[PDB]
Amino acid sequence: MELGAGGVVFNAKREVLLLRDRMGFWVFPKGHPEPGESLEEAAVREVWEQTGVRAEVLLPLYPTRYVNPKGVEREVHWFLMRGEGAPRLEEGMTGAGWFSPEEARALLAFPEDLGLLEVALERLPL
């Protein structure tokens, strides 16, 4: 199992930051923690690296698990975040943008992410 850390990021319009990976799936931004890095710090770094968005962690969410196409089981720890700015897709792109809850429900490719989206929306203050 390999750890992961990501963020469910929201802007003022309460839109969520989504990315389209190599295999064509829309997901939340996340990546591998660096040695000595906490998951929260790792999550903030991964968001900035992959989208150029500077975000603030509001509170922790919960981890999701799954086995990727390479046979590696991943445990990704998530954090609710706040951020702004036009996303800048990284050279591992194909897609990115801010989406409303309803649009995100139609893009997110996995059950774990759809579930995570709702729980995040509920804890996101007004």
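Residues carry their position along the shown sequence, with the first being 1.
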{"query": "Average Cα temperature factor in the PDB entry - higher stretch of 32 to 40, 86 to 94", "finding": "86 to 94"}
{"query": "Which of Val57, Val67, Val76, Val27 ranks first by CA B-factor in the deposited coordinates", "finding": "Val57"}
{"query": "Largest Cα B-factor, entry values, listed residues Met1, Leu124, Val8, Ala5", "finding": "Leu124"}
{"query": "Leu18 - which third its CA temperature factor falls in, relative to the rest of the chain", "finding": "lowest"}
{"query": "Within-chain third of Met81 by Cα B-factor, per the entry", "finding": "middle"}
{"query": "Position of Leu61 among the chain's modelled residues by C-alpha B-factor, lowest, middle or highest third", "finding": "middle"}
{"query": "B-factor third for the C-alpha atom of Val72 within its chain", "finding": "lowest"}
